[PDB]
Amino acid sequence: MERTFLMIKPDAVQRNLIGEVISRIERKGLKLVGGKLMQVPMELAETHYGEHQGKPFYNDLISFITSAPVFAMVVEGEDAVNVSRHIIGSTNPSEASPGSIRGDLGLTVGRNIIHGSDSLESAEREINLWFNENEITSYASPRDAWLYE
């Protein structure tokens, strides 16, 4: 089944929203398949946000993402990448739909609660970068028979 990478950012962790964010993912029907609270190594940060490398907000993205732990997640479900993006909401929390994570919980584009893989491509990249196969479980849930055909 389709999988994506999610990350609860240091802002959420420092605001004590880990529980709140996880509930919103769970209840949508996505399956938590890998997860770990971890401090982010300087190496890992740069390679993860490689694609932005030139920008006006890169220096401050590295310092931020490493300023406290994060909750790194691997979530599984049908259409996971775009479903996740849907409940996460637009980058700018001022434009993200009310009801979405960013919409309800975040204030500013730089401090916006949670990261989600933006494509099937970067999903597979990000999953392999943050997790090793043996950290990612794979299991059936009672509700699976009732989320899908």
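Note that residue numbering begins at 1 and tracks the sequence as displayed.
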| remark: Averaging the C-alpha temperature factors as deposited, the higher value of 56-64 versus 109-117 falls on 56-64
| Higher mean Cα B-factor in the deposited model: 41-49 or 91-99? | 41-49
| query | Thinking about Cα B factors across the chain, which third does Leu30 belong to? | reply | lowest
| task | Would you check the entry's CA temperature factor for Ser141 and let me know if it's in the chain's lowest, middle or highest third? | result | middle
